[PDB]
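Below is one structure; the comments refer to it alone.
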Amino acid sequence: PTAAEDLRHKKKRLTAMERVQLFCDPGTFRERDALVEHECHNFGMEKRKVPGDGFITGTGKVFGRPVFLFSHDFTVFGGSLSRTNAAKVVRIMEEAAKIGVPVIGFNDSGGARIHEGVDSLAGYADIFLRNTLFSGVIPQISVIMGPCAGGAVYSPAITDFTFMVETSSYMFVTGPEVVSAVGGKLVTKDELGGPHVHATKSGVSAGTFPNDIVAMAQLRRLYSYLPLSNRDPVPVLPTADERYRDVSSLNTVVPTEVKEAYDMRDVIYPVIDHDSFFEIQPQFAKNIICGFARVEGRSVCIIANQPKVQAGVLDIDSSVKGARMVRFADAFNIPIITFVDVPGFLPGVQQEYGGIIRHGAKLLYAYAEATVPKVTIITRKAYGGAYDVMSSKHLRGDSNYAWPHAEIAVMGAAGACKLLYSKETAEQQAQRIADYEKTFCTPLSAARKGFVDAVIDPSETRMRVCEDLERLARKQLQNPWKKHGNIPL
Amino acid sequence: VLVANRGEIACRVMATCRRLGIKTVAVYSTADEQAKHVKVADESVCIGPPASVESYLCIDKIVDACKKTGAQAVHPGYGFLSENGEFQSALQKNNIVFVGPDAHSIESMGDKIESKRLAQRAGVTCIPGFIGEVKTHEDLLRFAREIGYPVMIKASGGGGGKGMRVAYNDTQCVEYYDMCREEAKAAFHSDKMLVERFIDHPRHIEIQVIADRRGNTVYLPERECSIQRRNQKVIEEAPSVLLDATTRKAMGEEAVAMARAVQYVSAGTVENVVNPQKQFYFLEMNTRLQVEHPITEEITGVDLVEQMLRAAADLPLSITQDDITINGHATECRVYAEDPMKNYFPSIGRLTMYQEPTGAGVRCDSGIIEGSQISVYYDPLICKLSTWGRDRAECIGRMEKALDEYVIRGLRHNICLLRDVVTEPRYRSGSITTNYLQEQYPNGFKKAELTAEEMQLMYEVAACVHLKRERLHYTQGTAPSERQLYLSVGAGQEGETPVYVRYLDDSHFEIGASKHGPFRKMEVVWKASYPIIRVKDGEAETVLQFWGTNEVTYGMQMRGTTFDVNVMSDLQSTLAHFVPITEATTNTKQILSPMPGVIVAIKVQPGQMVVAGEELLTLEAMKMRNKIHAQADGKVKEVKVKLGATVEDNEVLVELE
Ligand SMILES: O=CCCCC[C@@H]1SC[C@@H]2NC(=O)N[C@@H]21
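Sequence order for the protein chains is G and B.
Plus 33 on top of the position in the first sequence (first one is 1) and you've got the authors' numbering.
Plus 8 on top of the position in the second sequence (first one is 1) and you've got the authors' numbering.
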């Protein structure tokens, strides 16, 4: 019996129920509500009632841990929401708020249902309010499998992570018809809101998958990292890997020349456990890396610069990416580990015309507000305000480390030499820049002041990180009483 | 003593001293501050920039540096400027030991010419043939019949293989002489031809020699260097199959006789060419310390390093030809960073992501430790894998097994070629030739495929690994123990093979066709997220490797080759048919610079060939030199952006057409 799904598969596409079956465990899905009708009675809609009413909501179970989910249905009315569709979603989110369980939704709606009038707006508003209230209480993940237009786009935005499917998905606020009507330009749906556009240009989508099957397979892996609720502790899984594994290849990663580049992944991979990195937003703002990883069987958060791309310089997009990652990680009590290599901020008129001052402050706010244990490692250099922003010791950092060839200075040697000698005799470059770099572009001064705990061999990083992360397991820090902060938007 | 090399041999020397209780010193270049031989040494001194000239080749630095160690002797090594006069002269200026042969023998034998003179000095069965011009076809036929050889027609003034044709009969002799005279008159202005005993099919047998400054000269057992690519050898073996004492004893005696002839001290080695009729040809003799001796040392125990350093002090050896014997045979291979399947593309500048050497009853000499890199201006050799044995089958099987346990990550290599060559039944037949490689690899290189049972075993191991890694993620006792998987390699699911699994213990399963099917109870032992995977069904034993996965596709290595097996359940299998398979853009067009900057260095030339992975140029921006390369293409048609063109802004630096 394979009835009524032949029409769907013929278009090389899967069904909502099949997606739900693929996500959860083999036999642990219990559909909650299945016999519900729209009761519209307008515009010749009194007929063609549907039992499911276009939504599939259940409970399910992943890796032995509970979950909640819902999936849109494209065959029935195009997946449009109504006064009645939104009730099921509201009930699921409320139940997942009472119990410490997350929510995952597979969006496929074609837009609002016009035949209901303003009831669709009512349902949208209720879903928006539930998302707003419960953000930071239970993790929310959203996946977009098909078209997603109109005002329905906003609820995925408030969710913590949004993923996209490559061939047959798109998302935008207004359709290309209106764009043609007002501006006069003919742009296709994919050219407007395709997965690539949101992966590279707008920065909304947190990832892209080639197929639905791969999407489910990796969504399970992502779910294996998250904590169940706000009050539950960070999960710890058994692992045969051990902190005594030898990592001596880190002694040679940093080149002896100051103008040559290297890949920061060569430093990230040895420290964490084998094959346990899940990069977030891999194709957007490549000069910074963010993602999840495990250290001795417990999930941690990774944020590191990359001198491979644009000399590892902070920017607007990198600031937004890092700020969102830090805020989410702190909201759910996940340790943060950072690797620092920054020469400063990206210079340019477009930057000031785009508001670098606002955006660069977001990362600093996220780092200063955080109360989870932090570990910082300075590999090569840290200059100016970039050193302050990237989790400096003064921002209530727990432990800070440096490598023997690091440099921590106010600015580059040339600018310091220029400002320290206004009209000093010519040729001052040769006998002053070298001396200043020798005397003050070294971690000795910063260690004398007390800004780094110790200068360590690069081969001891795994040992030190495991020791510190084990000791810091029970830190309790609290901020002054506030209704909420006022972050620079 | 101080060494002069920076490869595996240097480590070997600083290792022989262990027993000899000899403190050692090792110099290095700037790039090699993290080489193993630096830390293995007792003392280290820098020799300037790592370019070859200043590095080690800078005699002045080296000889000058030889004034602080106190060492009364200094090894000459085997590479770089080893056994050199300009160097021997300098070391005898400061009156220090050379730990090597004497000058007169070295210049008398390593010289390109007059080697034939020493050869014919006592004849020593040197190249045979009519020594003179053949002015008539009658003379050519008569001298061909004299020895009935394949003629070996070669020009008197020609060299390098030009003007040579192989004649098997008299008519072939006449026709090939007619072609040879026409070729040589145009190419080398000489019509003078010579006829010599051509070899049916060569084996390039090599005979080892050792000696001493006092006496007790000994002949070491011979070796093999038949396999050769681009005049570089790959696989070696000391006791070749075509070994008769009638020849071999005379080979050793004649090698020793030639030794005292030029009063050679530190013998290099003797070269020969051998036909199925058991001949020998002493010429192309070597005067350098060949490092293929590990094989001989495995069949003898004759520590060449110890004996030569002992002879460097004017003492006789500790061994005589009377006790030298054979305890089996050994196989040795060389591991290159040369990517064979990709047109022998060189892969350099890649530190070892992570590597582990095979150490099961085998020997490995290498200078590349974990976290080490290979520059372009050096030898791309990785390791020198040699395994002891007594029987061909025994020694080979060992190599087979030892090849699969060599984990190399971070750069390519030629291990697949070595594996395929060893596994070939032609190689295990017993005899080979010097044209063996290109004879068995006509068009490029193509690795041999898998039989049905091997692919089935790979499927079974993949299913076991999938289940073992799956059980890790589950919490407490809420974990499964049995599934039914559908494995199919390839993007089109070629050969869907249903598989079961039961996981009766930690490292035991009950693999079968499906439910209610007979079970076999194999065994797999693998640490999560690690490379090596040991699996043993009954007696058979296999070792596979685990590269990575994306939870639907598994990257597993079988017989030194990468595959991507798909492990999916019933639902995933039945649904993967209804999935779009888009084709990525195949654009052969101009390449643009991603970001603004300055071009300071260029690598490729305008309108010539380009291959994948080749660096093209280097922009420098905000104090940082990048290096955009050629992802993949055959050639280009474009106009180069000149040096110092601070324009960029996503311009067309190179245009591919
Ligand atoms: O010396 C002149 C240019 C130096 C720029 C150095 C890098 S570029 C972006 C960042 N901003 C700075 O002031 N320094 C760094």
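All C-beta atoms in this analysis are idealised placements derived from N, C-alpha and C, irrespective of residue type, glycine included.
> If you draw a straight line from the alpha carbon of B:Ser-123 to that of B:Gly-131, how long is it in whole angstroms?
Replying inline: 11 Å
> So what's G:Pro-271 in DSSP terms, helix, strand or just coil?
Replying inline: coil
> Any contact of the segment 125 to 140 of chain B with the segment 286 to 303 of chain B, i.e. 3+ C-beta pairs under 8 Å?
Replying inline: yes
> Sorted by chain position, which residues of the same chain lie with C-beta nearer than 6 Å to G:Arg-327's C-beta, five sequence neighbours on each side aside?
Replying inline: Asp-306, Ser-309
>> Can you pull out the residues from the segment 461 to 475 of chain G whose beta carbon lies closer than 7 Å to at least one beta carbon of chain B?
In response: none
> Got a sec, what are the start and stop residues for the beta strand (DSSP E) G:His-74 sits in?
Replying inline: Note, G:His-74: premise wrong, no beta strand (DSSP E); not H, not E.
>> Restricting to runs no shorter than 4 residues, where is the alpha helix (DSSP H) found entirely within the segment 38 to 103 of chain G?
In response: 39 to 42, 49 to 56
> Near B:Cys-66, which residues of its chain fall below 7 Å by C-beta distance, leaving aside the five closest residues on each side in sequence?
Replying inline: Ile-55, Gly-56
> Which two residues bound the contiguous beta strand (DSSP E) that contains B:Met-201?
Replying inline: 201 to 204
> Which of the three DSSP states, helix, strand or coil, is assigned to B:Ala-609?
Replying inline: strand
> Which bits of chain B does G:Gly-179 rub up against, with CB to CB less than 9 Å?
Replying inline: The contacting residues do not exist; G:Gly-179 stays about 13 Å from chain B at best.
>> Assuming G:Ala-185 and G:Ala-145 are in contact, meaning their beta carbons sit under 8 Å apart, how far apart are those beta carbons, in whole angstroms?
In response: 7 Å
> Can you check whether the CB of B:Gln-448 is closer than 8 Å to the CB of B:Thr-304?
Replying inline: no
> Any beta-carbon of chain G closer than 8 Å to the one on B:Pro-588?
Replying inline: yes
> Considering only residues of the same chain and omitting the five flanking positions on each side of B:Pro-388, which have a CB-CB separation below 7 Å?
Replying inline: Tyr-344, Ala-345, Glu-346, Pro-354, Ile-356, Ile-382
> Start and end of the alpha helix (DSSP H) containing B:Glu-408?
Replying inline: 400 to 412
>> I'd like to know if the segment 446 to 455 of chain G and the segment 389 to 401 of chain G are in contact, where contact means that at least 3 CB-CB pairs between them fall below 8 Å.
In response: no
> Closest to B:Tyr-414 by CA distance: which of B:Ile-390, B:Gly-397, B:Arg-434 is it?
Replying inline: B:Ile-390
> Quick one: is G:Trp-514 buried, meaning 16 or more other Cβ sit within 10 Å of its Cβ, or exposed?
Replying inline: exposed
> Would B:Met-632 count as contacting chain G if we go by Cβ distances under 8 Å?
Replying inline: yes
> So does B:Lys-631 have its beta carbon nearer than 7 Å to some heavy atom of ligand 1?
Replying inline: yes
> Along chain G, which residues have their Cβ under 7 Å away from the Cβ of B:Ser-97?
Replying inline: Going along chain G, no residue has its Cβ under 7 Å from B:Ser-97, so there is no contact; the nearest lies around 35 Å.
>> I'd like to know whether the C-beta of B:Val-649 is nearer than 8 Å to at least one C-beta of chain G.
In response: no
> Are the segment 191 to 198 of chain G and the segment 169 to 178 of chain G in contact at 8 Å, needing three or more beta carbon pairs?
Replying inline: yes
> Taking C-alpha atoms, which residue in G:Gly-91, G:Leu-261, G:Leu-154 lies nearest to G:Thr-117?
Replying inline: G:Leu-154
>> Can you determine whether any heavy atom of ligand 1 sits closer than 7 Å to the C-beta of G:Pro-380, and answer yes or no?
In response: yes
> Cβ-heavy atom distance between G:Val-346 and ligand 1 below 7 Å?
Replying inline: yes
> Tell me, which residues are paired with G:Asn-164 by DSSP?
Replying inline: Note: G:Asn-164 sits in no beta bridge, so no partner.
>> To test your reading of the DSSP string, which unbroken beta strand (DSSP E) runs of 3 or more residues are found completely within the segment 297 to 357 of chain G?
In response: 310 to 313, 321 to 328, 331 to 338
> Start and end of the beta strand (DSSP E) containing B:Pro-506?
Replying inline: 502 to 509
> Candidates B:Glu-62, B:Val-299, B:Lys-69, B:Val-270: which alpha carbon is nearest B:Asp-119's?
Replying inline: B:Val-270
>> I'd like the list of long-range same chain contacts for B:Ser-164, defined as Cβ closer than 8 Å, with 5 residues on each side in sequence excluded.
In response: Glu-141, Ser-198, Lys-200, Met-201, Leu-202
> DSSP on G:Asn-284, reduced to helix/strand/coil?
Replying inline: helix
> For B:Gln-363, is the classification buried or exposed, using 16 other Cβ atoms within 10 angstroms of its Cβ as the cut-off for buried?
Replying inline: buried
> Would you say the beta carbon of G:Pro-340 comes nearer than 7 Å to a heavy atom of ligand 1?
Replying inline: no
> Cβ of B:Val-299 within 8 Å of Cβ of B:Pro-210?
Replying inline: no
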